[PDB]
Colleague: 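One structure is given below, represented as structure tokens, and several questions about it will come after.
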Amino acid sequence: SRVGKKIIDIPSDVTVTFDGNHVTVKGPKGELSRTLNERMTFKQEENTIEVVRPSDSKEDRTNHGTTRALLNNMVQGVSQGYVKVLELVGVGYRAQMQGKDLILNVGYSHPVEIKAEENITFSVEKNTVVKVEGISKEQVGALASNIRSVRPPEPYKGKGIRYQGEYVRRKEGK
Amino acid sequence: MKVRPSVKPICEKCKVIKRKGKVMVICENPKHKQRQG
Amino acid sequence: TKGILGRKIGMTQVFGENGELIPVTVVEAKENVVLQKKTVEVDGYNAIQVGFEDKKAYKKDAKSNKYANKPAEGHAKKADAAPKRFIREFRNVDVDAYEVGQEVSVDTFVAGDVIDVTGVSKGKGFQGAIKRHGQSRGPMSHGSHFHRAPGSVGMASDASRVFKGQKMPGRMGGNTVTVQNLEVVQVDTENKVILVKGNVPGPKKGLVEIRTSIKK
Amino acid sequence: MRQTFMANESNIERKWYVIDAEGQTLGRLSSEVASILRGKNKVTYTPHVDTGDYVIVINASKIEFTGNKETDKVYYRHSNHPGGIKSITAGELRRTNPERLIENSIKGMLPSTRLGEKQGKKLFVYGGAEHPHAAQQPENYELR
RNA sequence: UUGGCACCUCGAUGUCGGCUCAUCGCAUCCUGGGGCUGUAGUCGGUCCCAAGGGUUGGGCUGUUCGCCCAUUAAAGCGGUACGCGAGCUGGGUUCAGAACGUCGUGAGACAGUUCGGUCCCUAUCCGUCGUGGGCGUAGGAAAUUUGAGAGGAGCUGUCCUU
RNA sequence: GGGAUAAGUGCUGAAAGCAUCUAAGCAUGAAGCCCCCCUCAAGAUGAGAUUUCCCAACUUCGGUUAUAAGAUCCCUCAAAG
Ligand SMILES: [Mg+2]
Ligand SMILES: [Mg+2]
Ligand SMILES: [Mg+2]
Ligand SMILES: [Mg+2]
Ligand SMILES: [Mg+2]
Ligand SMILES: [Mg+2]
Ligand SMILES: [Mg+2]
Ligand SMILES: [Mg+2]
Ligand SMILES: [Mg+2]
Ligand SMILES: [Mg+2]
Ligand SMILES: [Zn+2]
């Protein structure tokens with residue numbers, strides 16, 4: 001696992017604490033705690049961390065790559081955070097913020113409201129762009145997916161909620 | 001989705017994968033999406 | 001959530017605000033008292049036990065259910081109440097809202113309350129499959145020797161038996177029935193009468209249990 | 001000459017044992033308990049009498065399965081009514097009624113006889129670590 | 001399904017269709033959830049999941065079918081002795097009468113037709129539906145109950161608004 | 001309405017520096033499943049719970065006894081049959 005072999009460089013500000021299998025990572029933006037694979041062994045240096053796999057068995061190899069990535073994501077997340085941007089397309093499609101919660105109008109009789117989650121921030125620009133910001137890459141990804149799911153992009157005109165950098169296949173209706 | 005005993009790449013982009021013990025083909029082209037069954 | 005015990009008196013009609021004819025059932029729910037409060041601690045569940053309709057006190061050589069037996073008299077006395085003909089538990093109500101020996105009034109319910117009425121349906125005795133299970137008759141003419149019979153009760157060698165739940169002649173009625181989403185048209189405090197819109201199960205003089213509707 | 005000893009109620013002594021189900025495979029625990037209940041571990045074992053000992057199983061909720069049994073092992077029961085087949089998974093049974101899971105497992109390893117039913121009644125199973133049979137003064141038993 | 005075979009039944013395992021009562025499978029007719037589309041929308045096509053419930057009345061014919069009229073969300077396909085005659089019918093078929101065509105010298109004959117033509121049984125056991133008595137449930141009782149289980153229910157249209 | 005799911009749809013994610021819904025992990029998802037609703041139900045021989053009622057003399061000291069609370073016979077009946 002080349003991914004597993006690659007060391008994670010701890011930012012000077014960020015501090016990583018390992019308790020048994022569980023690891024708690026503290027950074028300026030937030031603190032993230034997760035449980036890594038038991039078999040994997042972690043070597044910690046002041047400026048870097050190395051994950052070590054006990055055996056070359058597939059199971060150990062698979063977990064090694066995953067474990068490294070999970071730890072890397074936590075460290076990066078606390079340091080810089082992760083943000084996903086979604087852009088509404090089509091006339092009359094607008095996004096607005098009701099306190100923490102986000103309100104979406106997407107060609108439905110009912111307005112759609114997405115509640116904010118802990119360690120997540122919802123921000124809207126121009127009422128056509130929504131950005132989800134959080135320490136956890138997964139949490140940002142999940143909420144972005146939920147927002148995108150409210151109205152997925154249509155093929156013919158591209159109308160819908162889409163990721164900013166997403167590509168949509170286009171078809172000619174008539 | 002195409003459900004068939006013979007699941008194979010239709011184009012160069014098609015990728016054979018296994019999900020939940022099932023041979024499947026994933027592709028940018030939706031038509032080439034396949035699941036063995 | 002509220003509950004009361006009453007006797008069905010009969011049916012009548014009331015004219016609504018817009019002059020619509022409202023079929024109603026008159027229930028008399030006098031003499032309701034909370035005999036006991038069941039708790040999770042002692043009983044494993046919370047309920048109020050309500051005794052309805054006073055019965056005569058214990059006598060030495062009582063030959064009928066009109067006079068309270070010594071066990072019954074004691075149970076009622078613990079609530080400081082007269083012995084009761086009918087006793088039922090209400091699990092729907094909040095136990096805290098009630099105290100033992102408290103009278104439960106008809107005024108607990110108010111007009112427009114949606115209620116479920118529970119009672120034992122009228123007995124019909126031994127009844128055939130047509131009336132009991134609403135089956136079709138056989139032909140009355142054209143050579144038919146099949147009129148009110150139940151029909152085939154099975155198949156052949158595969159199953160060589162009748163399945164459980166085959167519909168056959170038997171005793172019909174006298175079953176507990178709950179009619180849901182009925183409405184309290186009116187409450188008469190003076191006569192201790194609750195007017196329930198529509199009809200409820202059982203003969204006149206039958207026991208009815210009125211509860212706040214489970215579905216809301 | 002006929003000299004074989006025969007155990008009878010007068011000479012039979014039944015003991016009480018506690019077995020912890022925590023970290024034990026269901027079947028392997030089950031097979032061992034079945035032998036204890038049937039008196040197979042006694043030198044005075046006699047077929048037509050119950051020479052077995054009472055068994056208390058604790059922490060039934062913590063019994064373990066191998067492979068995908070939790071979802072793929074299904075218990076089927078019929079009500080004797082047409083189409084009356086009802087199924088719950090072993091995993092769900094463990095969550096909801098762990099005592100039944102253990103009890104049915106052991107009873108299925110006991111003979112379907114009047115004696116076998118009696119021997120199954122000597123089994124007491126509890127999902128938690130606490131049992132109410134302290135008066136019986138049960139002895140801890142370690143599975144071989 | 002049409003057959004092949006001739007293994008249980010010839011000291012009898014009643015046979016078509018309908019009626020009554022169903023019950024099960026899912027290769028799903030409708031309704032629910034999806035993928036792909038040569039999917040603009042409205043509609044469709046095709047495939048996957050799904051058996052919870054639902055799945056109409058007539059004309060003709062003994063009919064099963066099938067065609068037709070009018071509907072319906074839909075008018076599903078199969079198994080259960082082509083389910084069910086000690087539950088019903090008895091129109092067809094499969095006795096004795098008679099006739100036509102036809103064949104036969106004839107007596108007669110015909111998966112050709114035509115008309116007429118006896119459907120028995122007081123339920124012992126299991127099974128099923130109801131309804132009591134005994135004993136048990138470590139004293140004898142009266143009331144009120146928990147719910148391990150088990151059964152039931154489970155369908156859809158149209159219109160208005162957006 | 002709730003919980004868990006199907007076909008699906010994903011998020012994060014390596015084996016496999018990419019990619020990938022899956023392997024670890026995390027979501028979402030049917031008239032279906034388990035409930036929610038209705039009815040029966042402790043012969044549930046695993047026979048459960050609560051409240052109340054009854055509680056003495058004899059005796060060979062083994063136990064018996066009619067009586068208690070209670071319930072029936074019999075009788076007048078119906079909302080029951
Ligand atoms: Mg091909
Ligand atoms: Mg009819
Ligand atoms: Mg007649
Ligand atoms: Mg031969
Ligand atoms: Mg014979
Ligand atoms: Mg299928
Ligand atoms: Mg037949
Ligand atoms: Mg027959
Ligand atoms: Mg005939
Ligand atoms: Mg012939
Ligand atoms: Zn392709």
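All values below were derived from every heavy atom in this structure, side-chain atoms included, with hydrogens, water molecules and symmetry-related copies excluded. All chains are named by letter (A, B, ...) in the order of the sequence lines, taking the proteins before the strands, and each is independently numbered beginning at 1.
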Colleague: Taking the side chain as everything from C-beta on, heavy atoms only, tell me whether A:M97 gets closer than 4.5 Å to A:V130.
Modeller: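 They are not in side-chain contact.
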Colleague: Are the side chains of C:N92 and C:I214 in touch, meaning some heavy atoms are under 4.5 Å apart?
Modeller: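 They are not in side-chain contact.
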Colleague: Quick check on A:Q96: does its CD atom have over 12 non-hydrogen neighbours (other residues, nucleotides or ligands) under 6.0 Å away?
Modeller: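 Yes - once you tally the heavy atoms of other residues, nucleotides and ligands closer than 6.0 Å, there are more than 12.
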Colleague: For C:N181 and C:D116: C-alpha separation, side-chain torsions, deciding distance, then whether side-chain contact (heavy atoms from CB on, under 4.5 Å) applies.
Modeller: CA-CA 6 Å; C:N181 301 353; C:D116 296 358; 3.9 Å; yes
Colleague: Which pair of non-hydrogen atoms, one from C:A81 and one from C:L35, has the smallest distance, and what is that distance?
Modeller: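 Looking at all heavy atoms of both residues, the closest pair is CB-CD2, 3.9 Å.
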Colleague: Do the side chain of D:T89 and the main chain of D:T71 share a donor and acceptor less than 3.5 angstrom apart?
Modeller: no
Colleague: Can you tell if the side chain of C:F90 reaches within under 4.5 Å of the side chain of C:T1, non-hydrogen atoms only?
Modeller: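 No, too far: nothing below the 4.5 Å cut-off.
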Colleague: Can you tell me how far CD of A:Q139 sits from CG of A:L32, rounded to the nearest 0.5 angstrom?
Modeller: 9.0 Å
Colleague: Have a look at C:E53 and tell me which of C:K84, C:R7, C:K205, C:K192 forms a salt bridge (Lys or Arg N to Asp or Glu O under 4.0 Å) with it.
Modeller: C:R7
Colleague: Ignoring hydrogens and geometry, is there a side-chain-to-backbone donor-acceptor pair from D:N59 to D:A21 under 3.5 Å?
Modeller: no
Colleague: Counting only N and O atoms by type, is there a donor-acceptor contact under 3.5 Å from the side chain of D:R94 to the main-chain atoms of D:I63?
Modeller: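 Judged by distance alone, yes, a pair lies under 3.5 Å.
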Colleague: Evaluate D:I56 against D:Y54 for side-chain contact (heavy atoms from CB on, under 4.5 Å), listing each step before the verdict.
Modeller: CA-CA 7 Å; D:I56 306 175; D:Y54 301 85; over 6 Å; no
Colleague: For C:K37, is the NZ atom crowded, meaning more than 12 foreign heavy atoms sit under 6.0 Å from it?
Modeller: yes
Colleague: Kindly compute the distance separating CG (C:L195) from CD (C:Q13), expressed to the nearest 0.5 Å.
Modeller: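 Atom-to-atom, C:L195:CG and C:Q13:CD are 12.5 Å apart.
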Colleague: Compare all side-chain heavy atoms of D:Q137 with those of D:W16 and state whether any distance is below 4.5 angstrom.
Modeller: no
Colleague: Please report the closest heavy-atom contact between C:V177 and C:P201, naming both atoms and the distance.
Modeller: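 Reported closest heavy-atom pair: O-CG, 3.7 Å.
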Colleague: Looking at C:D94, I want to see if its CG is surrounded by more than 12 non-hydrogen atoms of other residues, nucleotides or ligands under 6.0 Å.
Modeller: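 More than 12 within 6.0 Å, yes.
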Colleague: Tell me whether C:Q135 contacts the main-chain N or O of C:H133 through its side chain, where contact means a donor paired with an acceptor under 3.5 Å.
Modeller: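 Such a contact is absent between C:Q135 side chain and C:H133 backbone.
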Colleague: Run C:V50 and C:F86 through side-chain contact (heavy atoms from CB on, under 4.5 Å) and show every step you take.
Modeller: CA-CA 8 Å; C:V50 175; C:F86 306 99; over 6 Å; no
Colleague: Could you tell me which non-hydrogen atom of C:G6 sits nearest to which non-hydrogen atom of C:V27, and how far apart they are?
Modeller: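 The pair with the smallest heavy-atom distance is CA-CG1, 3.7 Å.
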Colleague: Once you round to the nearest 0.5 Å, how far does CD of D:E99 lie from OG of D:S61?
Modeller: 7.5 Å
Colleague: Quick check: are there more than 12 heavy atoms from other residues, nucleotides or ligands sitting under 6.0 Å from NZ of C:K56?
Modeller: no
Colleague: Side-chain contact test, heavy atoms from C-beta onward, threshold under 4.5 Å: evaluate it for C:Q36 versus C:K78 and give yes or no.
Modeller: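 No, every pair of side-chain atoms sits at 4.5 Å or beyond.
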Colleague: Before you tell me yes or no, could you show the steps for C:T118 and C:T176 under side-chain contact (heavy atoms from CB on, under 4.5 Å), namely the whole-Å CA-CA distance, both residues' side-chain angles and the distance that decides it to 0.1 Å?
Modeller: CA-CA 7 Å; C:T118 297; C:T176 294; 3.9 Å; yes
Colleague: Measuring only between side-chain heavy atoms, which start at C-beta, is C:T39 closer than 4.5 Å to C:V95?
Modeller: no
Colleague: Could you tell me whether C:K197 and C:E183 make a salt bridge, using a distance below 4.0 angstrom between a side-chain N and a carboxylate O?
Modeller: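 Looking at C:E183 together with C:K197, the answer is no, because their closest N to O distance does not fall below 4.0 Å.
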Colleague: Answer yes if the side chains of A:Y93 and A:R151 hold a donor-acceptor pair under 3.5 Å, and no otherwise.
Modeller: yes
Colleague: More than 12 heavy atoms of other residues, nucleotides or ligands under 6.0 Å from NZ of D:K86: yes or no?
Modeller: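 Yes, the 6.0 Å shell around NZ holds more than 12 heavy atoms from other groups.
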Colleague: Give the minimum heavy-atom separation between D:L26 and D:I102, together with the two atoms involved.
Modeller: CD1-CD1, 3.6 Å
Colleague: Within the supplied structure, the quantity of interest is the number of heavy atoms (other residues, nucleotides, ligands) at a distance under 6.0 Å from C:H142 NE2; does it exceed 12?
Modeller: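 Incorrect, the count does not exceed 12.
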Colleague: Under the 3.5 angstrom rule, does the side chain of D:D20 hit a backbone N or O of D:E22 as a donor-acceptor pair?
Modeller: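 Side chain of D:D20 to backbone of D:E22, a donor-acceptor pair under 3.5 Å: yes, one is there.
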Colleague: Does D:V57 reach the side chain of D:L123, with side-chain heavy atoms less than 4.5 Å apart?
Modeller: yes
Colleague: For the backbone of C:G173 and the side chain of C:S121, can you confirm whether one donor and one acceptor N or O come within less than 3.5 Å of each other?
Modeller: no
Colleague: Hey, is the main chain of C:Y67 close enough, under 3.5 Å, to the side chain of C:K59 for a donor-acceptor pair?
Modeller: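 Not confirmed, C:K59 side chain does not pair with C:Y67 backbone.
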Colleague: Is the D:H131 to D:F124 ring centre distance short of 6.0 Å?
Modeller: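 Not under 6.0 Å, so no.
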Colleague: If you count the non-hydrogen atoms of other residues, nucleotides and ligands that lie under 6.0 Å from NZ in C:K167, is the total more than 12?
Modeller: no
Colleague: Are any side-chain N or O atoms of A:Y108 and backbone N or O atoms of A:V150, one a donor and one an acceptor, separated by less than 3.5 Å?
Modeller: yes
Colleague: Does atom CD of A:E113 have more than 12 heavy-atom neighbours from other groups under 6.0 Å away?
Modeller: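 Yes, enclosed.
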Colleague: Just verifying a value: how many Å separate A:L143 CG and A:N119 CG, rounded to the nearest 0.5 Å?
Modeller: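 Spacing of CG (A:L143) from CG (A:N119) equals 10.5 Å.
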Colleague: Assess C:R88 against C:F52: is NZ or CZ under 6.0 Å from the centre of the six-membered ring, and within 45 degrees of the ring's axis?
Modeller: no
Colleague: Could you grab the distance from atom CD1 of A:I135 to atom OG1 of A:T121, nearest 0.5 Å is fine?
Modeller: 9.5 Å
Colleague: Give a yes or no answer on whether the side chain of C:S144 reaches the backbone of C:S141 with a donor-acceptor pair at less than 3.5 Å.
Modeller: no
Colleague: Is C:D113 close to C:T212 at the side-chain level, that is, under 4.5 Å between some pair of heavy atoms?
Modeller: no
Colleague: Has the side chain of C:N32 got a donor or acceptor atom that lies under 3.5 Å from a matching backbone atom of C:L5?
Modeller: yes
Colleague: For A:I120 and A:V140, which heavy atoms make the closest approach, and how far apart are they?
Modeller: CD1-CG2, 3.6 Å
Colleague: Salt bridge between C:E89 and C:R91, side-chain N to carboxylate O under 4.0 Å?
Modeller: no
Colleague: If you round to the nearest 0.5 Å, how far is CG of C:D96 from CD1 of C:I48?
Modeller: 11.5 Å
Colleague: Minimum heavy-atom separation for C:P83 and C:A57, please, with both atom names.
Modeller: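 Taking C:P83 first and C:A57 second, the nearest heavy atoms are CG-CA, 4.5 Å.
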Colleague: Using 30° and 60° as the class limits, which term best fits the ring planes of D:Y126 and D:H133: parallel, tilted or perpendicular?
Modeller: tilted
